[PDB]
$ cat target.tsv   # TSV, C-alpha atoms
chain	number	residue	atom	x	y	z
A	2	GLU	CA	0.00	0.00	0.00
A	3	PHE	CA	1.42	3.34	-1.11
A	4	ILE	CA	-0.69	6.21	0.21
A	5	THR	CA	2.57	7.74	1.39
A	6	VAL	CA	4.24	7.63	-2.03
A	7	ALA	CA	1.11	8.98	-3.74
A	8	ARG	CA	0.74	12.03	-1.47
A	9	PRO	CA	3.50	14.12	-3.15
A	10	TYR	CA	2.34	13.34	-6.69
A	11	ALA	CA	-1.31	14.05	-5.92
A	12	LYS	CA	-0.42	17.32	-4.21
A	13	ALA	CA	1.78	18.41	-7.11
A	14	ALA	CA	-0.83	17.53	-9.73
A	15	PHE	CA	-3.56	19.39	-7.86
A	16	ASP	CA	-1.44	22.44	-7.00
A	17	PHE	CA	-0.59	22.62	-10.70
A	18	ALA	CA	-4.18	22.16	-11.88
A	19	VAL	CA	-5.25	25.32	-10.02
A	20	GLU	CA	-2.46	27.36	-11.62
A	21	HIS	CA	-4.00	26.44	-15.00
A	22	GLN	CA	-7.72	26.34	-14.17
A	23	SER	CA	-8.18	22.72	-15.27
A	24	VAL	CA	-8.80	20.65	-12.12
A	25	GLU	CA	-11.81	19.08	-13.83
A	26	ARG	CA	-9.77	17.86	-16.81
A	27	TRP	CA	-6.87	16.63	-14.67
A	28	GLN	CA	-9.25	14.52	-12.59
A	29	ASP	CA	-10.46	12.54	-15.60
A	30	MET	CA	-6.95	12.29	-17.06
A	31	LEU	CA	-5.74	10.69	-13.83
A	32	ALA	CA	-8.85	8.50	-13.86
A	33	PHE	CA	-7.93	7.23	-17.34
A	34	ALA	CA	-4.37	6.48	-16.23
A	35	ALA	CA	-5.64	4.76	-13.08
A	36	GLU	CA	-7.73	2.45	-15.26
A	37	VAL	CA	-4.90	1.64	-17.66
A	38	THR	CA	-2.80	0.72	-14.61
A	39	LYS	CA	-5.21	-2.16	-13.86
A	40	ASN	CA	-5.14	-4.13	-17.13
A	41	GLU	CA	-3.76	-7.65	-16.83
A	42	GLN	CA	-1.22	-7.17	-19.64
A	43	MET	CA	-0.12	-3.66	-18.65
A	44	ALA	CA	0.28	-4.87	-15.06
A	45	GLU	CA	2.67	-7.48	-16.46
A	46	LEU	CA	4.74	-4.83	-18.25
A	47	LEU	CA	4.93	-2.53	-15.23
A	48	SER	CA	6.44	-5.39	-13.20
A	49	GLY	CA	9.25	-6.08	-15.67
A	50	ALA	CA	12.69	-4.50	-15.59
A	51	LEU	CA	12.35	-2.19	-18.56
A	52	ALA	CA	14.29	1.05	-18.59
A	53	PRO	CA	12.24	3.87	-17.01
A	54	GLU	CA	12.33	5.90	-20.24
A	55	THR	CA	11.14	3.15	-22.59
A	56	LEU	CA	8.69	1.92	-19.95
A	57	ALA	CA	7.28	5.45	-19.78
A	58	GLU	CA	6.99	5.58	-23.57
A	59	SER	CA	5.26	2.17	-23.55
A	60	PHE	CA	2.70	3.83	-21.22
A	61	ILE	CA	2.26	7.12	-23.07
A	62	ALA	CA	1.36	5.17	-26.21
A	63	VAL	CA	-1.73	3.53	-24.71
A	64	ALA	CA	-3.07	6.96	-23.67
A	65	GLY	CA	-3.04	9.65	-26.34
A	66	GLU	CA	-5.92	11.57	-24.75
A	67	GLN	CA	-3.52	13.46	-22.47
A	68	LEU	CA	-2.06	16.94	-22.30
A	69	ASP	CA	1.57	17.63	-23.02
A	70	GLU	CA	1.64	19.01	-19.47
A	71	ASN	CA	-0.12	16.06	-17.84
A	72	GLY	CA	0.68	12.66	-19.31
A	73	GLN	CA	3.99	13.20	-21.07
A	74	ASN	CA	5.42	14.80	-17.89
A	75	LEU	CA	3.67	13.26	-14.87
A	76	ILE	CA	3.86	9.72	-16.22
A	77	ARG	CA	7.55	10.17	-17.03
A	78	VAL	CA	8.38	11.59	-13.60
A	79	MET	CA	6.52	8.72	-11.95
A	80	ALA	CA	8.31	6.23	-14.22
A	81	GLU	CA	11.77	7.55	-13.35
A	82	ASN	CA	10.85	6.77	-9.74
A	83	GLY	CA	9.03	3.54	-10.63
A	84	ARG	CA	5.80	4.79	-9.04
A	85	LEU	CA	3.28	4.06	-11.80
A	86	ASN	CA	1.47	1.38	-9.79
A	87	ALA	CA	0.62	4.22	-7.39
A	88	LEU	CA	-1.69	5.86	-9.95
A	89	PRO	CA	-4.93	4.43	-8.47
A	90	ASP	CA	-4.09	6.23	-5.22
A	91	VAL	CA	-2.74	9.43	-6.78
A	92	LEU	CA	-6.28	9.73	-8.12
A	93	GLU	CA	-8.05	9.39	-4.79
A	94	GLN	CA	-5.73	11.78	-2.96
A	95	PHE	CA	-6.31	14.25	-5.78
A	96	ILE	CA	-10.08	13.95	-5.39
A	97	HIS	CA	-9.70	14.37	-1.65
A	98	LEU	CA	-7.52	17.45	-2.04
A	99	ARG	CA	-10.12	18.99	-4.33
A	100	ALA	CA	-12.96	18.36	-1.89
A	101	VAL	CA	-10.92	20.18	0.75
A	102	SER	CA	-10.41	23.39	-1.22
A	103	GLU	CA	-13.99	23.34	-2.56
A	104	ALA	CA	-15.28	22.99	1.05
A	105	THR	CA	-17.17	19.77	0.32
A	106	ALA	CA	-17.83	16.56	2.27
A	107	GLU	CA	-18.95	13.22	0.82
A	108	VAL	CA	-21.17	12.19	3.72
A	109	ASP	CA	-22.39	8.60	3.39
A	110	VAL	CA	-25.71	7.39	4.80
A	111	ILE	CA	-26.79	3.79	5.41
A	112	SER	CA	-30.34	2.60	6.02
A	113	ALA	CA	-32.57	-0.46	5.95
A	114	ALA	CA	-34.76	1.23	3.31
A	115	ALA	CA	-35.10	4.41	1.28
A	116	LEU	CA	-35.61	7.72	3.07
A	117	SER	CA	-38.49	10.10	2.31
A	118	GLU	CA	-36.46	12.92	0.62
A	119	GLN	CA	-37.74	15.08	3.46
A	120	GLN	CA	-35.70	13.03	5.93
A	121	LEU	CA	-32.81	13.12	3.45
A	122	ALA	CA	-32.99	16.86	2.79
A	123	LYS	CA	-33.18	17.47	6.54
A	124	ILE	CA	-30.09	15.27	6.90
A	125	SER	CA	-28.29	17.33	4.26
A	126	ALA	CA	-29.17	20.67	5.86
A	127	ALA	CA	-28.38	19.38	9.36
A	128	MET	CA	-24.98	17.95	8.44
A	129	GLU	CA	-24.11	21.19	6.66
A	130	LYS	CA	-24.60	22.80	10.09
A	131	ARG	CA	-22.76	20.07	12.01
A	132	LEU	CA	-19.90	20.47	9.53
A	133	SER	CA	-18.96	23.65	7.61
A	134	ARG	CA	-19.19	22.22	4.10
A	135	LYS	CA	-21.57	21.51	1.27
A	136	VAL	CA	-22.43	17.86	1.85
A	137	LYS	CA	-23.12	15.36	-0.93
A	138	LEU	CA	-25.13	12.47	0.48
A	139	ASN	CA	-25.12	9.01	-1.02
A	140	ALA	CA	-27.30	6.30	0.50
A	141	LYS	CA	-26.87	2.56	0.91
A	142	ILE	CA	-29.62	-0.01	1.51
A	143	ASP	CA	-28.13	-2.43	4.05
A	144	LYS	CA	-30.69	-4.78	5.59
A	145	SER	CA	-28.73	-5.70	8.73
A	146	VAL	CA	-29.48	-2.21	10.07
A	147	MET	CA	-33.21	-3.18	10.07
A	148	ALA	CA	-34.31	0.37	11.15
A	149	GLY	CA	-32.74	3.80	11.61
A	150	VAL	CA	-29.63	5.03	9.84
A	151	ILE	CA	-25.84	5.28	10.10
A	152	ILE	CA	-24.31	8.63	9.12
A	153	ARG	CA	-20.59	8.44	8.31
A	154	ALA	CA	-18.82	11.77	7.71
A	155	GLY	CA	-15.26	10.52	7.36
A	156	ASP	CA	-13.87	9.21	10.62
A	157	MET	CA	-16.89	10.58	12.50
A	158	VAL	CA	-19.90	8.27	12.65
A	159	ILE	CA	-23.36	8.57	14.21
A	160	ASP	CA	-25.11	5.22	14.69
A	161	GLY	CA	-28.88	5.20	15.11
A	162	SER	CA	-29.49	1.65	13.93
A	163	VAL	CA	-31.64	-0.66	16.03
A	164	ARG	CA	-28.95	-3.34	15.78
A	165	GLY	CA	-26.35	-1.01	17.27
A	166	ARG	CA	-28.67	-0.13	20.14
A	167	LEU	CA	-29.54	-3.82	20.60
A	168	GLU	CA	-25.93	-4.96	20.83
A	169	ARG	CA	-25.12	-1.98	23.05
A	170	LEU	CA	-27.91	-3.12	25.38
A	171	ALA	CA	-26.47	-6.64	25.21
A	172	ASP	CA	-23.30	-5.18	26.76
A	173	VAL	CA	-25.19	-3.06	29.26
A	174	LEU	CA	-26.11	-6.44	30.75
B	2	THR	CA	27.58	4.17	-26.01
B	3	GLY	CA	26.66	4.51	-22.34
B	4	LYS	CA	26.51	7.30	-19.79
B	5	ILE	CA	27.47	7.71	-16.15
B	6	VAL	CA	24.45	8.10	-13.88
B	7	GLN	CA	26.05	7.83	-10.44
B	8	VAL	CA	29.42	8.21	-8.76
B	9	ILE	CA	29.81	6.94	-5.19
B	10	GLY	CA	33.48	7.15	-4.32
B	11	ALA	CA	35.19	4.23	-6.04
B	12	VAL	CA	32.10	2.69	-7.70
B	13	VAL	CA	30.37	4.06	-10.81
B	14	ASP	CA	27.01	3.29	-12.40
B	15	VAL	CA	26.73	3.31	-16.20
B	16	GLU	CA	23.60	3.09	-18.37
B	17	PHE	CA	23.66	1.34	-21.76
B	18	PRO	CA	21.05	0.39	-24.34
B	19	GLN	CA	19.52	-2.91	-23.28
B	20	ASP	CA	20.68	-4.54	-26.53
B	21	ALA	CA	24.33	-3.60	-25.83
B	22	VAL	CA	24.83	-3.99	-22.06
B	23	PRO	CA	28.41	-5.16	-21.31
B	24	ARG	CA	29.25	-8.48	-19.71
B	25	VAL	CA	30.17	-8.80	-16.06
B	26	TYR	CA	33.93	-8.36	-16.19
B	27	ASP	CA	34.41	-6.29	-19.34
B	28	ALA	CA	36.42	-3.06	-19.28
B	29	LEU	CA	35.02	0.39	-20.05
B	30	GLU	CA	36.76	3.69	-20.76
B	31	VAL	CA	35.95	7.27	-19.72
B	32	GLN	CA	37.62	10.58	-20.56
B	33	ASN	CA	38.09	11.97	-17.05
B	34	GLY	CA	39.03	15.57	-17.72
B	35	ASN	CA	42.01	14.98	-19.97
B	36	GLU	CA	43.10	11.58	-18.62
B	37	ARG	CA	41.71	8.17	-19.57
B	38	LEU	CA	40.07	6.14	-16.80
B	39	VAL	CA	39.29	2.42	-16.98
B	40	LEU	CA	36.26	0.95	-15.20
B	41	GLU	CA	35.78	-2.76	-14.55
B	42	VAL	CA	32.14	-3.81	-14.42
B	43	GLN	CA	31.17	-5.83	-11.35
B	44	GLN	CA	27.40	-6.15	-11.62
B	45	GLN	CA	24.54	-6.05	-14.10
B	46	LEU	CA	21.52	-4.38	-12.56
B	47	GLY	CA	18.16	-4.22	-14.29
B	48	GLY	CA	17.18	-1.67	-16.88
B	49	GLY	CA	20.57	-1.81	-18.58
B	50	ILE	CA	22.43	-0.32	-15.61
B	51	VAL	CA	25.88	-1.69	-14.79
B	52	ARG	CA	28.00	-1.21	-11.68
B	53	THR	CA	31.75	-0.85	-12.12
B	54	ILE	CA	34.86	-0.11	-10.08
B	55	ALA	CA	37.16	2.67	-11.27
B	56	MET	CA	40.76	1.61	-11.93
B	57	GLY	CA	41.93	5.10	-11.03
B	58	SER	CA	41.12	8.28	-9.19
B	59	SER	CA	37.38	8.91	-9.24
B	60	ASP	CA	37.48	12.67	-8.62
B	61	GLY	CA	36.42	14.93	-11.46
B	62	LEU	CA	33.80	12.54	-12.82
B	63	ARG	CA	30.54	14.22	-13.79
B	64	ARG	CA	27.41	12.20	-14.20
B	65	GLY	CA	26.38	12.24	-17.84
B	66	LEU	CA	29.84	11.59	-19.27
B	67	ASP	CA	30.00	9.27	-22.25
B	68	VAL	CA	31.77	5.95	-21.71
B	69	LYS	CA	33.22	3.60	-24.32
B	70	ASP	CA	32.55	-0.14	-24.20
B	71	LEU	CA	35.72	-2.17	-24.59
B	72	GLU	CA	34.36	-5.65	-25.29
B	73	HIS	CA	37.19	-7.57	-23.58
B	74	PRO	CA	38.30	-7.95	-19.95
B	75	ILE	CA	41.36	-6.24	-18.51
B	76	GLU	CA	44.37	-7.73	-20.29
B	77	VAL	CA	48.04	-7.49	-19.33
B	78	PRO	CA	51.30	-8.14	-21.21
B	79	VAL	CA	52.86	-11.47	-20.35
B	80	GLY	CA	55.90	-13.61	-21.03
B	81	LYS	CA	59.60	-12.97	-21.57
B	82	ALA	CA	58.97	-9.35	-22.57
B	83	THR	CA	57.88	-8.40	-19.03
B	84	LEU	CA	60.91	-9.52	-17.04
B	85	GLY	CA	63.15	-6.61	-16.06
B	86	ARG	CA	60.35	-4.07	-15.77
B	87	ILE	CA	57.74	-2.52	-13.46
B	88	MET	CA	54.10	-2.57	-14.52
B	89	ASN	CA	50.81	-1.00	-13.52
B	90	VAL	CA	47.72	-2.96	-12.51
B	91	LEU	CA	46.51	-2.34	-16.08
B	92	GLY	CA	49.74	-3.86	-17.40
B	93	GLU	CA	51.07	-0.46	-18.42
B	94	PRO	CA	54.78	0.27	-17.87
B	95	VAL	CA	55.40	2.47	-14.84
B	96	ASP	CA	59.16	2.85	-15.02
B	97	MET	CA	60.28	5.59	-17.37
B	98	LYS	CA	61.48	3.12	-20.01
B	99	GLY	CA	59.66	2.58	-23.29
B	100	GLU	CA	56.70	0.36	-24.09
B	101	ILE	CA	56.71	-3.34	-23.27
B	102	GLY	CA	57.56	-5.61	-26.18
B	103	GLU	CA	55.11	-8.41	-25.44
B	104	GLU	CA	53.75	-10.61	-28.22
B	105	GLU	CA	50.80	-11.87	-26.17
B	106	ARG	CA	48.35	-10.48	-23.62
C	4	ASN	CA	-17.79	5.04	-20.11
C	5	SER	CA	-16.32	2.30	-17.92
C	6	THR	CA	-16.91	-0.61	-20.30
C	7	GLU	CA	-15.97	1.29	-23.45
C	8	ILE	CA	-12.76	2.66	-21.94
C	9	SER	CA	-11.84	-0.77	-20.55
C	10	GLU	CA	-12.32	-2.51	-23.89
C	11	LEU	CA	-10.58	0.41	-25.61
C	12	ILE	CA	-7.64	-0.30	-23.32
C	13	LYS	CA	-7.67	-4.00	-24.17
C	14	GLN	CA	-7.84	-3.13	-27.88
C	15	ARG	CA	-5.00	-0.61	-27.70
C	16	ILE	CA	-2.71	-2.79	-25.58
C	17	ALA	CA	-3.20	-5.73	-27.93
C	18	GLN	CA	-2.67	-3.28	-30.81
C	19	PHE	CA	0.77	-2.36	-29.45
C	20	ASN	CA	1.81	-6.03	-29.81
C	21	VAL	CA	2.81	-6.69	-26.19
C	22	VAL	CA	2.86	-10.39	-25.28
C	23	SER	CA	2.87	-11.86	-21.78
C	24	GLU	CA	5.43	-14.38	-20.56
C	25	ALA	CA	4.64	-18.06	-20.86
C	26	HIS	CA	4.41	-20.00	-17.64
C	27	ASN	CA	7.47	-22.19	-17.09
C	28	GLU	CA	9.71	-19.51	-18.67
C	29	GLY	CA	11.40	-16.33	-17.54
C	30	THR	CA	14.14	-13.83	-18.30
C	31	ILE	CA	17.25	-12.89	-16.34
C	32	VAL	CA	17.10	-9.25	-15.22
C	33	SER	CA	20.06	-9.08	-12.79
C	34	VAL	CA	23.40	-10.84	-12.34
C	35	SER	CA	25.81	-10.42	-9.43
C	36	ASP	CA	28.15	-12.49	-7.26
C	37	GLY	CA	26.53	-15.77	-8.33
C	38	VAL	CA	22.88	-14.85	-7.66
C	39	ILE	CA	20.51	-14.07	-10.52
C	40	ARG	CA	17.05	-12.51	-10.50
C	41	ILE	CA	14.50	-13.89	-12.96
C	42	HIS	CA	11.34	-12.12	-14.10
C	43	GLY	CA	8.44	-14.42	-14.92
C	44	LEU	CA	8.68	-18.14	-14.20
C	45	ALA	CA	5.29	-18.23	-12.48
C	46	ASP	CA	5.33	-22.04	-12.08
C	47	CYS	CA	8.74	-22.24	-10.41
C	48	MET	CA	8.87	-24.33	-7.23
C	49	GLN	CA	11.02	-23.71	-4.18
C	50	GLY	CA	14.23	-25.70	-4.59
C	51	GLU	CA	13.51	-26.48	-8.24
C	52	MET	CA	16.29	-26.62	-10.80
C	53	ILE	CA	16.03	-24.16	-13.69
C	54	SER	CA	18.17	-24.42	-16.82
C	55	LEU	CA	20.30	-21.56	-18.14
C	56	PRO	CA	21.82	-21.14	-21.62
C	57	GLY	CA	24.60	-23.64	-22.01
C	58	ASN	CA	24.22	-26.72	-19.82
C	59	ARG	CA	24.20	-24.78	-16.56
C	60	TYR	CA	21.57	-24.87	-13.84
C	61	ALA	CA	20.40	-22.74	-10.94
C	62	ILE	CA	18.41	-23.47	-7.79
C	63	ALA	CA	15.32	-21.33	-7.27
C	64	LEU	CA	15.53	-20.34	-3.60
C	65	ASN	CA	13.52	-17.10	-3.29
C	66	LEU	CA	10.01	-17.24	-4.74
C	67	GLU	CA	9.20	-13.60	-4.11
C	68	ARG	CA	6.60	-11.58	-5.98
C	69	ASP	CA	7.75	-9.89	-9.20
C	70	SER	CA	10.97	-11.93	-9.10
C	71	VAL	CA	12.63	-15.29	-8.49
C	72	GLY	CA	16.03	-15.34	-6.80
C	73	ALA	CA	18.25	-18.23	-7.87
C	74	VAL	CA	21.86	-19.34	-7.34
C	75	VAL	CA	24.06	-20.41	-10.25
C	76	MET	CA	25.79	-23.78	-9.86
C	77	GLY	CA	28.98	-22.93	-11.72
C	78	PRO	CA	30.83	-20.10	-13.44
C	79	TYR	CA	28.24	-17.34	-13.72
C	80	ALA	CA	30.12	-14.46	-15.35
C	81	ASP	CA	28.79	-15.37	-18.82
C	82	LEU	CA	25.13	-14.75	-17.98
C	83	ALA	CA	23.49	-11.47	-18.96
C	84	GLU	CA	20.17	-9.64	-19.05
C	85	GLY	CA	17.43	-10.98	-21.28
C	86	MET	CA	18.57	-14.59	-21.49
$ encode --input "target.tsv" --output "structure tokens"
Amino acid sequence: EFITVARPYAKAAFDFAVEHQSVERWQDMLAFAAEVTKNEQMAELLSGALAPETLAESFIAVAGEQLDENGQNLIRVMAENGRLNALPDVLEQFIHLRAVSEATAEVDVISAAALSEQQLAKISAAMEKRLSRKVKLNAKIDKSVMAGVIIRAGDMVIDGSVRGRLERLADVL
Amino acid sequence: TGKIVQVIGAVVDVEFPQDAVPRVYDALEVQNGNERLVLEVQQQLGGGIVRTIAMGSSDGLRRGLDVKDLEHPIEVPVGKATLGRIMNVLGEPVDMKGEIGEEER
Amino acid sequence: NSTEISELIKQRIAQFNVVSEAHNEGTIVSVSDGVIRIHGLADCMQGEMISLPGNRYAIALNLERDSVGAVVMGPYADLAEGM
């Protein structure tokens, strides 16, 4: 796992994308590269002991939909260091960095069944007061909750599920 | 043919095309300033990189110098011709007399 | 976009004529002091003998990921990358 190696590259890509007003294009460029990193044949090439320069060129070729600034430079710098397998994480960090500057939070909600869209809009407006961000809810229908909802806002979590209260009671005894 | 990419004291790293990487005891040559320095390759790393030991003073070496691939190991004069004389590690004469008259190396 | 980009990638990779190693084969990528590193050789077994060019053999001792580490049973200074 290489969160720690991806942090510098994600920060550099993002801090460059705001100097050139193209965060939105960079995100999809990195998403394309992150997908090419997963192919079964390309993953065989990335493991072999090719020279960084020719291995970078063998990676540029499969992605022509890239800027001069973005692919032909970032991919080469990551190849010199042998970091290309880190691309799937350089993407996520990038997304995260963006959500920080844009003052956004990807709050996740979990429930036994769909919410009434009055409950859900109240949740949105209430979390935006709990936090200091524009929230973007996405729901999940997990049956083991049975009733109530779990609200996860990163590392913070609020558990209102009947199963959580049941198994808390089981330890009150 | 190849280029220096590192210099750590006595050891030097040289990059070659992967179709021309030297063997593991061949000699290489570098123009160190105005002198001529011989490297003996000790290891073949991946990517076409090769680790060598410098048969001479390593100071003055830039990274990025061009190096010449001699395709034979270090070879020294031998036989009757080498009797009353002092020689370098590279088989070069080190007394102030003329060249060695060997027929075989 | 996911399926079309994924199959575009398969198309383009195949179009650039890359071919994967065959199981039971590999290529030397490093040589030093009697130990060689082999890329590929997915079906190697720990302690198995592998045959080098000539009539030389090596013993596969390290079955790591991305490499096999083997020891040459003889004069090794003739081996080189890509064999």
$ interface_residues --input "target.tsv" --of "chain A" --to "chain B" --cutoff "12 Å" --atoms "all atoms listed in the file" --output "PDB file with C-alpha atoms, in the frame of the given file"
ATOM      1  CA  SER A  48       6.440  -5.390 -13.200  1.00  0.00           C
ATOM      2  CA  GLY A  49       9.250  -6.080 -15.670  1.00  0.00           C
ATOM      3  CA  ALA A  50      12.690  -4.500 -15.590  1.00  0.00           C
ATOM      4  CA  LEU A  51      12.350  -2.190 -18.560  1.00  0.00           C
ATOM      5  CA  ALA A  52      14.290   1.050 -18.590  1.00  0.00           C
ATOM      6  CA  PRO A  53      12.240   3.870 -17.010  1.00  0.00           C
ATOM      7  CA  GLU A  54      12.330   5.900 -20.240  1.00  0.00           C
ATOM      8  CA  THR A  55      11.140   3.150 -22.590  1.00  0.00           C
ATOM      9  CA  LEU A  56       8.690   1.920 -19.950  1.00  0.00           C
ATOM     10  CA  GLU A  81      11.770   7.550 -13.350  1.00  0.00           C
ATOM     11  CA  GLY A  83       9.030   3.540 -10.630  1.00  0.00           C
TER      12      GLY A  83
END
$ interface_residues --input "target.tsv" --of "chain C" --to "chain B" --cutoff "8 Å" --atoms "only C-alpha atoms" --output "PyMOL selection string"
chain C and resi 32-36+80-84
$ closest_residue --input "target.tsv" --among "A:30, A:6, A:114, A:85" --to "residue A:43" --atoms "all atoms listed in the file"
A:85
$ interface_residues --input "target.tsv" --of "chain C" --to "chain A" --cutoff "7 Å" --atoms "all atoms listed in the file" --output "number ranges by chain"
C: 12, 15-16, 23, 32, 42, 69
$ atom_distance --input "target.tsv" --atom1 "atom CA of residue A:147" --atom2 "atom CA of residue A:107"
23.6 Å
$ closest_residue --input "target.tsv" --among "B:60, B:67, B:27, B:105" --to "residue B:82" --atoms "only C-alpha atoms"
B:105
$ residues_around --input "target.tsv" --residues "residue A:129" --least-positions-apart "2" --cutoff "12 Å" --atoms "all atoms listed in the file" --output "PyMOL selection string"
chain A and resi 104-108+122-127+131-138+154
$ atom_distance --input "target.tsv" --atom1 "atom CA of residue C:61" --atom2 "atom CA of residue C:43"
15.1 Å
$ atom_distance --input "target.tsv" --atom1 "atom CA of residue B:56" --atom2 "atom CA of residue B:81"
25.7 Å
$ axis_aligned_box --input "target.tsv" --around "stretch 72-87 of chain B" --padding-each-side "3 Å" --output "lines of an AutoDock Vina configuration file"
center_x = 48.8
center_y = -8.1
center_z = -19.4
size_x = 34.8
size_y = 17.1
size_z = 17.8
$ residues_around --input "target.tsv" --residues "stretch 89-99 of chain B" --least-positions-apart "4" --cutoff "9 Å" --atoms "all atoms listed in the file" --output "VMD selection string"
chain B and resid 39 56 75 to 79
